[PDB]
Amino acid sequence: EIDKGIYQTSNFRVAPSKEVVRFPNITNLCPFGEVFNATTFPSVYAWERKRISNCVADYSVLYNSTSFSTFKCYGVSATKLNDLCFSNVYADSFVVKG
Amino acid sequence: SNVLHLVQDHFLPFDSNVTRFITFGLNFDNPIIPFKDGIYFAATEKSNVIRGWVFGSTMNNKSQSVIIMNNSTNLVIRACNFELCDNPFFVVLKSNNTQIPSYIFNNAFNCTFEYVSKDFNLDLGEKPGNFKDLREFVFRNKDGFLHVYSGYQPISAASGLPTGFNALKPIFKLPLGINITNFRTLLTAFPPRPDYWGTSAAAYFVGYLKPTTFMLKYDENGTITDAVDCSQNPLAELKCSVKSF
Amino acid sequence: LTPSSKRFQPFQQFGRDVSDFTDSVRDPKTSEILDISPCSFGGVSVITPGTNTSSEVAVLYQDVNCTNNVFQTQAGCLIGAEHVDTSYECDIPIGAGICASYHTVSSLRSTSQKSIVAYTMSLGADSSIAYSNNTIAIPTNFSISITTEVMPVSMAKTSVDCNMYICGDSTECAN
Amino acid sequence: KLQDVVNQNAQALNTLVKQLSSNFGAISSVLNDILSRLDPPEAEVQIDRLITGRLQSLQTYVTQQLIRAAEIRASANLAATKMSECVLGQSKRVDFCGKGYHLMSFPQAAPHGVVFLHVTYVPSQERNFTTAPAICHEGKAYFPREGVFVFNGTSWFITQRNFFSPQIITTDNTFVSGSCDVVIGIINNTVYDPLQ
Amino acid sequence: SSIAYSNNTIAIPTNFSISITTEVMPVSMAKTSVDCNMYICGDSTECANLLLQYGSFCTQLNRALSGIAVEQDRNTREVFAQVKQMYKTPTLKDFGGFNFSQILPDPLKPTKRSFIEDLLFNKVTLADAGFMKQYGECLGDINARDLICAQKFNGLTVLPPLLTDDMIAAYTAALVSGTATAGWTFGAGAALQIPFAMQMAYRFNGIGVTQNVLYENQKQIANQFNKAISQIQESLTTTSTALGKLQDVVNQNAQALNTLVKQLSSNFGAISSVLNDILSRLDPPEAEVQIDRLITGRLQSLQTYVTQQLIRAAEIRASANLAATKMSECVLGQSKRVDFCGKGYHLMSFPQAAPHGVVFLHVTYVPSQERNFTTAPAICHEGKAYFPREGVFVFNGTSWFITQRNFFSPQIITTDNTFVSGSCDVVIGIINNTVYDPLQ
Ligand SMILES: *[C@@H]1O[C@H](CO)[C@@H](O[C@@H]2O[C@H](CO)[C@@H](O[C@@H]3O[C@H](CO)[C@@H](O)[C@H](O)[C@@H]3O)[C@H](O)[C@H]2NC(C)=O)[C@H](O)[C@H]1NC(C)=O
Ligand SMILES: *[C@@H]1O[C@H](CO)[C@@H](O[C@@H]2O[C@H](CO)[C@@H](O[C@@H]3O[C@H](CO)[C@@H](O)[C@H](O)[C@@H]3O)[C@H](O)[C@H]2NC(C)=O)[C@H](O)[C@H]1NC(C)=O
Ligand SMILES: *[C@@H]1O[C@H](CO)[C@@H](O[C@@H]2O[C@H](CO)[C@@H](O)[C@H](O)[C@H]2NC(C)=O)[C@H](O)[C@H]1NC(C)=O
Ligand SMILES: *[C@@H]1O[C@H](CO)[C@@H](O[C@@H]2O[C@H](CO)[C@@H](O)[C@H](O)[C@H]2NC(C)=O)[C@H](O)[C@H]1NC(C)=O
Ligand SMILES: *[C@@H]1O[C@H](CO)[C@@H](O[C@@H]2O[C@H](CO)[C@@H](O)[C@H](O)[C@H]2NC(C)=O)[C@H](O)[C@H]1NC(C)=O
Ligand SMILES: *[C@@H]1O[C@H](CO)[C@@H](O[C@@H]2O[C@H](CO)[C@@H](O)[C@H](O)[C@H]2NC(C)=O)[C@H](O)[C@H]1NC(C)=O
Ligand SMILES: *[C@@H]1O[C@H](CO)[C@@H](O[C@@H]2O[C@H](CO)[C@@H](O)[C@H](O)[C@H]2NC(C)=O)[C@H](O)[C@H]1NC(C)=O
Ligand SMILES: *[C@@H]1O[C@H](CO)[C@@H](O[C@@H]2O[C@H](CO)[C@@H](O)[C@H](O)[C@H]2NC(C)=O)[C@H](O)[C@H]1NC(C)=O
Ligand SMILES: *[C@@H]1O[C@H](CO)[C@@H](O[C@@H]2O[C@H](CO)[C@@H](O)[C@H](O)[C@H]2NC(C)=O)[C@H](O)[C@H]1NC(C)=O
Ligand SMILES: *[C@@H]1O[C@H](CO)[C@@H](O[C@@H]2O[C@H](CO)[C@@H](O)[C@H](O)[C@H]2NC(C)=O)[C@H](O)[C@H]1NC(C)=O
Ligand SMILES: *[C@@H]1O[C@H](CO)[C@@H](O)[C@H](O)[C@H]1NC(C)=O
Ligand SMILES: *[C@@H]1O[C@H](CO)[C@@H](O)[C@H](O)[C@H]1NC(C)=O
Ligand SMILES: *[C@@H]1O[C@H](CO)[C@@H](O)[C@H](O)[C@H]1NC(C)=O
Ligand SMILES: *[C@@H]1O[C@H](CO)[C@@H](O)[C@H](O)[C@H]1NC(C)=O
Ligand SMILES: *[C@@H]1O[C@H](CO)[C@@H](O)[C@H](O)[C@H]1NC(C)=O
Ligand SMILES: *[C@@H]1O[C@H](CO)[C@@H](O)[C@H](O)[C@H]1NC(C)=O
Ligand SMILES: *[C@@H]1O[C@H](CO)[C@@H](O)[C@H](O)[C@H]1NC(C)=O
Ligand SMILES: *[C@@H]1O[C@H](CO)[C@@H](O)[C@H](O)[C@H]1NC(C)=O
Ligand SMILES: *[C@@H]1O[C@H](CO)[C@@H](O)[C@H](O)[C@H]1NC(C)=O
Ligand SMILES: *[C@@H]1O[C@H](CO)[C@@H](O)[C@H](O)[C@H]1NC(C)=O
């Protein structure tokens, strides 16, 4: 029940009706084979840094080819990896013991 | 745009002491200047005497070093294990105004980084008058990256570092991952006679960055046109507190 | 998304305002700067009589120019209230000199149904008094008036037990 | 007005109670659930969040109560002033005690307040009258003493402004100063002397 | 300053000046409302659901702000709507030589308000410049970072006053016209028409000066009244900080809303203040921790705004109560309270409409050109002590007389001007003089 008078309701709202996804034009896949299937890996002290640019990071191709015992992401969510675009991405490779 | 932005980073404090190294006559300044946290580099020159720098820790082949020299044709960034010459220079004949090969290092091995710029033409000729160009650089080494900020200003000062304000834009973020504690400038030489050396008038200035609070002002076009050093004086710390000039 | 006049340097992709809200973005496919604006920009109020009195409602949009009733006020576009040229005392204050009430309006035939009406409120009774250099008004009678003035003096004195309100009968929360 | 006060107070408490059902970044607002479901280390975070939220709620209640108490203090100061000036005396302040000229006031107790019955004098049934600033009797100007010169229609009288009571213009009701030419609207009339 | 004391020197003013002073009083302040969801979450459904799960206590905030808004409309009504009947502006604006043209609306002017009122509205610069801003207007004005568009995009609204500026000026015109025509009578009861010169004579009697002083000096006083009005007009035309009190009020309200907007860039223990950045990067479990921190900090910011608004509204309420008291006591009547309405003995006051306030022009009687005299407490005529009745004995340098303290008008000491009580020995400074008897 409302008594007589004038009341401030919520601000006028517009519900979005369409989605607009805009990504840059990329035609190639990221060098997953070059990074995760390299013939040789460096020592940990001489760890090797490589730059990645202009590619689609579809890690579903990593399935059925490689199996990771450790996979942990910091500052980001794993389930969010497919919906993002990454800037200044580098891959560091080395070998340690268990 | 149209905002006052307060930011804390490694900045060159206002009215800081800046050491000067000159190349004119009988002195060819090539010392080993410590890098510390970071350096502000400004070169006053009418001719392209300044060519680049060499950053490292021991400045020999016992550790990795990076060279950002600009030869006559293109800019070369090379992070390698360099047997650096104690007196590295370029050589250009004063009358011929041509560059001939010169040695910065004896041997390079175990190299980790390499970058070559696009080809361009550089004027090696000696020029008369006062200093015509001012090139400003900021070098920051943090988290395995060498940050380079560059800015250019036309000046007409005969001596000293001209006063003013200039915002340096980011040009390079080099993934070197090397320990940098020292650096040496690379200048070209103008030898008139073989077996003897010569110099052309040019100067560069070195200042050390410190962690400070700055209030940057953005104009309509998004450029930085002025700044306030909130640690300079009690008046300046008042302006930053109230966020107004 | 709207076209923008902002100029972005090659190393810039997003822009923010003083609220740190992302308001500009460079489109990836076509390097054009676009401006992003919130979808909600409405000042909305609802005028109602008593709920038991009626379920009719009049809505005021403060930021909308009107170009069933759709009357335009200086307060905003008012929808669902009839505009009457008669000036009354204020009942529900719409604003900017406009008030609203629930008055019996015979829109069709003589329906004798009540509707929400919007009007310019009356400031007071209109009067005219004559001035001259030699006329004075002297009262020939008087009345004894008694008026009431109600003034609050005190309010309820209250106390709060912190451990009870915050933790209740919990020892762990008390510690 | 009085009702309003009490209403606010009730609201200020009821809201408090309802705010006990509020999560503040915690899994639940029920302390017993958190204590029954988690170890002391894991329950400490949720309990701290609830503690911060409830302490903020109490802070808000006390601040609003302070402001309301300041308003009530101002109202009670005005009421005490009115008791001293309208009830214990007669006030010449306009509209301080009722409408019209103040005669007296009577206090009455009310729930958390006071009701003042202001007894006032209201003039009515006015009548228009020709009037003059002064009277020119014999080269001398006579001004009324606590009154106004009025014209019934036939002869001039002097009356008090508030109530109409015509009196014969005598030397006791008027005082003489200056000459007749200075006053603008001066008119000619006789001033009765009881001595003659 | 140095002032001399003695047992028989009194200073009686021999002249006076009509002075008009201004008093600027705030009456109301901007009425504001806040959209809880817009300010904290914007157009974010994920945040809105978390704000619902979080204890949202911002129906309490809007309740406090709505109470402020109703009080602001109450403040103006209590000050300006004290007149029951609107009195038409007289066609002629020169009552007995007193010029009321400037403080009354000009029929030819389209602004339907007084000339002085126009000067006041030009002084204070208002920020809103209207209470309507359309969606297309702010979209087309994105290049210029308008503060009003910025705060309206964040759920902060300013509600228009119930009484428009023309309505308040209408109340002021009725108040000025009623005083110039009906005098003090319409303040307490029905209006009684009285000639303005006689009204001035009555007011002179109230401050203890006889009526003849007004009538014999009517031309001089009317000229002094007109010049005093012009000096007020000239002072307002030149730039000044006279209306700074009203300007201070509007500055605080705008500053509070701009602080609210700037606090949205605030992190509260969170990774970022941008809600979209957090949601684009974390799962609902991990984003819940960050969003809750932003919710708590932003709710506290709104709490601080409302609490400061409540305290500011209390000060405006106290100021508006004083203005409502000054309207009844200085405008609708004559006040014997010292320094309540201007400096000096109060004659009359004229209200003027101002942005979010009221300006009072207080007409006061200021004595000047005093003269020293030899004075005695009483007169010993024949074994009897004669004390003055509403006056003071003054030697004048020749013969003892009796005069009113405020204005010097020597009168022959008669049995009418004095009363006799006791003997001569009791009084200390009693002196010998003759008391004239009319019947002798
Ligand atoms: C400045 O430094 C740059 C980078 O070191 C020099 O550019 C590169 O110079 C090398 C050596 O002359 C070139 O290698 C040569 O390539 C040709 C085929 O193109 C081959 O026939 C030669 O035997 C030799 O391997 C390299 O191509 C060249 N790269 C570019 C981008 O031009 C540059 O010449 C230096 N300029 C001077 C000396 O001022
Ligand atoms: C009380 O002080 C006022 C001043 O505020 C005195 O009024 C002044 O009176 C003198 C003489 O009556 C005026 O001088 C006249 O000036 C006109 C030109 O305007 C000239 O034609 C006359 O021949 C004469 O010289 C003076 O203007 C006037 N000033 C004002 C402002 O009105 C008043 O006389 C004083 N009263 C007593 C009892 O001292
Ligand atoms: C690293 O640098 C040192 C110093 O320049 C080199 O040592 C010199 O080696 C040459 C032979 O190549 C000798 O003739 C010099 O006498 C040595 N000097 C000193 C001071 O030891 C060393 O060979 C370099 N190692 C490299 C190039 O890997
Ligand atoms: C931002 O950039 C624009 C475009 O360069 C500047 O506008 C020009 O300003 C110059 C110098 O006043 C004029 O000669 C041009 O005619 C302007 N062109 C246009 C498109 O208007 C603008 O002044 C710059 N703003 C700032 C403050 O740097
Ligand atoms: C990336 O691809 C898109 C889609 O092909 C390009 O957008 C179109 O470009 C063509 C040629 O310039 C235009 O005629 C169309 O009108 C564009 N359509 C859209 C979607 O605007 C876009 O230009 C490409 N960008 C790059 C980086 O080449
Ligand atoms: C709303 O928009 C209209 C224009 O569409 C504004 O002016 C009205 O314009 C029409 C058509 O030319 C005229 O017939 C009316 O007389 C105009 N006046 C009004 C007040 O209706 C109108 O001013 C706008 N209203 C607001 C408050 O923005
Ligand atoms: C003028 O005032 C006088 C005094 O009140 C009024 O005269 C009286 O009239 C009544 C009725 O005729 C007589 O009984 C009295 O004897 C009169 N008194 C005197 C002193 O003459 C008279 O009515 C007034 N004039 C008007 C027009 O009202
Ligand atoms: C009041 O009486 C006086 C004197 O009896 C009148 O003044 C006279 O008026 C006549 C008419 O013009 C003049 O001729 C005389 O010179 C005046 N006498 C003096 C001494 O100035 C006066 O007019 C009367 N007033 C009214 C209103 O009748
Ligand atoms: C009251 O004051 C106003 C303002 O000074 C007077 O109006 C002026 O009159 C003069 C002479 O006619 C004009 O030159 C001005 O332009 C008028 N100003 C305005 C604002 O209208 C008015 O005449 C005065 N009234 C009287 C009779 O004293
Ligand atoms: C005022 O007059 C009285 C009486 O005329 C004076 O009192 C007399 O003063 C003389 C002088 O000392 C005495 O001898 C008389 O005895 C007094 N008479 C009485 C009845 O007391 C008085 O002195 C006079 N005052 C002044 C200031 O002259
Ligand atoms: C894994 O997937 C590839 C296709 O991407 C397929 O050719 C191959 O047979 C699969 N199994 C392996 C590599 O054991
Ligand atoms: C790497 O390449 C070898 C040879 O083609 C293949 O047998 C192996 O499955 C590959 N592994 C990955 C990580 O794709
Ligand atoms: C000058 O430079 C040109 C080009 O390098 C070269 O051919 C010529 O021999 C040089 N002459 C001198 C003076 O050494
Ligand atoms: C560095 O170079 C030396 C030879 O000078 C070599 O023995 C050593 O293995 C190299 N180390 C790395 C990290 O490549
Ligand atoms: C509303 O009005 C109806 C009819 O007068 C009455 O029966 C009912 O009790 C009222 N309810 C309230 C909320 O006052
Ligand atoms: C009073 O006013 C009338 C009408 O304006 C006028 O005719 C008359 O002369 C005035 N009398 C006085 C005393 O000024
Ligand atoms: C006085 O005159 C006015 C018209 O100017 C009239 O309205 C009023 O009733 C009169 N009062 C009396 C009863 O004399
Ligand atoms: C009155 O006496 C005081 C003190 O001697 C003096 O300052 C003042 O000027 C005197 N005034 C007159 C008008 O004599
Ligand atoms: C007052 O004193 C003066 C100067 O002594 C004198 O001329 C006058 O007659 C005295 N009396 C009056 C009339 O005030
Ligand atoms: C005033 O005081 C003086 C000094 O004490 C004294 O001589 C004189 O008689 C006194 N006059 C009176 C009584 O007023």
Side-chain angles (χ1 to χ4, degrees), chain D residues 93-96, chain E residues 18-28 75-83 87 98-100 102-105 113-124 163 165 168-180 183-184 186-187 199-200 203 206-207 225-226 228-236 240-249 316-366:
Chain D
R93 300 173 56 180
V94 186
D95 286 352
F96 189 59
Chain E
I18 298 308
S19 180
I20 299 186
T21 66
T22 59
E23 190 165 8
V24 194
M25 323 210 50
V27 170
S28 62
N75 287 350
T76 303
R77 187 184 67 247
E78 301 241 327
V79 171
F80 290 102
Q82 293 190 3
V83 86
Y87 301 113
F98 295 87
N99 200 4
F100 278 59
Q102 300 309 100
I103 59 185
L104 272 174
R113 68 194 177 192
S114 88
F115 183 95
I116 297 297
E117 277 167 340
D118 284 311
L119 299 170
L120 302 161
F121 275 91
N122 289 359
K123 277 238 183 208
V124 169
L163 274 170
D165 279 343
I168 302 172
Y171 277 127
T172 289
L175 283 156
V176 170
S177 60
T179 315
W184 66 98
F186 80 115
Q199 177 181 160
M200 209 66 261
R203 296 179 179 279
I207 67 178
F225 177 89
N226 294 342
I229 286 285
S230 302
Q231 287 172 3
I232 291 299
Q233 166 176 292
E234 298 152 10
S235 174
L236 288 180
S240 293
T241 328
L243 259 54
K245 279 224 256 292
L246 306 183
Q247 184 68 39
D248 285 339
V249 170
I316 284 289
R317 188 58 188 150
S319 180
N321 279 341
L322 199 54
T325 301
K326 279 188 173 55
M327 199 77 105
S328 306
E329 298 206 17
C330 311
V331 176
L332 302 180
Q334 199 175 7
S335 182
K336 309 267 145 302
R337 302 172 56 181
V338 185
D339 285 352
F340 190 57
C341 334
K343 256 64 182 302
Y345 307 104
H346 170 246
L347 293 169
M348 35 195 321
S349 288
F350 298 112
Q352 293 287 279
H356 289 281
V358 60
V359 171
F360 289 109
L361 315 174
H362 301 291
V363 189
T364 45
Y365 175 98
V366 184

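Chain A is the first sequence line, chain B the second, and so forth, proteins listed ahead of strands; every chain is numbered from 1.
Of all heavy-atom pairs spanning E:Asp339 and E:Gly344, the tightest one is OD1-N, 4.3 Å. Scanning all heavy atoms of the two residues, the minimum distance from E:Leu246 to E:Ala354 falls at CD1-CB, 3.6 Å. Shortest non-hydrogen contact noted between E:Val358 and E:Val79 is CG1-CG1, 4.3 Å. The minimum heavy-atom distance between E:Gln199 and E:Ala180, with the atom names listed, is NE2-O, 4.4 Å. Nearest heavy atoms, E:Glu78 versus E:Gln82: O-NE2, 3.1 Å. When every heavy atom of E:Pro351 is checked against every heavy atom of E:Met327, the shortest pair comes out as CB-SD, 3.6 Å.
Side-chain N or O atoms of E:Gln247 include none that pairs as donor or acceptor with a backbone N or O of E:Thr241 at under 3.5 Å. A donor-acceptor pair under 3.5 Å is absent between the side-chain atoms of E:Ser240 and the main chain of E:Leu236, judged by distance alone. Between the side chain of E:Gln334 and the backbone N or O of E:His346 there is at least one donor-acceptor pair closer than 3.5 Å. Between the side chain of E:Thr179 and the backbone N or O of E:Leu175, at least one donor-acceptor pair lies under 3.5 Å. Between the side chain of E:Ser19 and the backbone N or O of E:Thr364, no donor-acceptor pair lies under 3.5 Å. Within the 3.5 Å criterion, the main-chain N or O of E:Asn99 finds a donor-acceptor partner in the side chain of E:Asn226. Without hydrogens or angle criteria, E:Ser177 side chain to E:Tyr87 main chain gives a donor-acceptor distance under 3.5 Å.
Atom OG1 of E:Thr22 and atom CZ of E:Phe350 lie 14.5 Å apart (nearest 0.5 Å). We find the NE2-CG distance between E:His356 and E:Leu243 to be 12.5 Å, quoted to the nearest 0.5 Å. We find the CG-CZ distance between E:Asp165 and E:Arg113 to be 7.0 Å, quoted to the nearest 0.5 Å. Between atom CD1 of residue E:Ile18 and atom CZ of residue E:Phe98 there is a gap of 7.5 Å, rounded to the nearest 0.5 Å. Taken from CD1 in E:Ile116 to CD1 in E:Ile229, the straight-line distance is 6.5 Å, to the nearest 0.5 Å. Atom CG in E:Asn321 sits 11.5 Å away from atom CD1 in E:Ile316 (nearest 0.5 Å).
Counting heavy atoms of neighbouring residues, nucleotides and ligands inside a 6.0 Å radius, atom CZ of E:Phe80 exceeds 12 of them. Counting heavy atoms of neighbouring residues, nucleotides and ligands inside a 6.0 Å radius, atom NZ of E:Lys343 does not exceed 12 of them.
Listed by chain and residue number, E:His362 satisfy the ring pair (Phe, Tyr, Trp, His ring centres under 6.0 Å) test with E:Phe360 (two or more places apart in sequence, or in another chain). With sequence neighbours excluded, no residue forms a salt bridge (charged side-chain N to carboxylate O under 4.0 Å, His left out) with E:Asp248. The ring pair (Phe, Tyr, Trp, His ring centres under 6.0 Å) check on E:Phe115 picks up nothing, with sequence neighbours excluded.
Figure legend: D:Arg93 and E:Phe340 shown without cation-pi pairing, the cationic atom not lying both under 6.0 angstrom from the six-membered ring centre and within 45 degrees of its axis.
Note: E:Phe100 and E:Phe225 have parallel aromatic rings, judged against thresholds of 30 and 60 degrees for the angle between ring planes.
Considering only heavy atoms from C-beta on, E:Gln352 comes within 4.5 Å of E:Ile103 through its side chain. A 4.5 Å side-chain heavy-atom check between E:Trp184 and D:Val94 finds every atom pair outside the cut-off.
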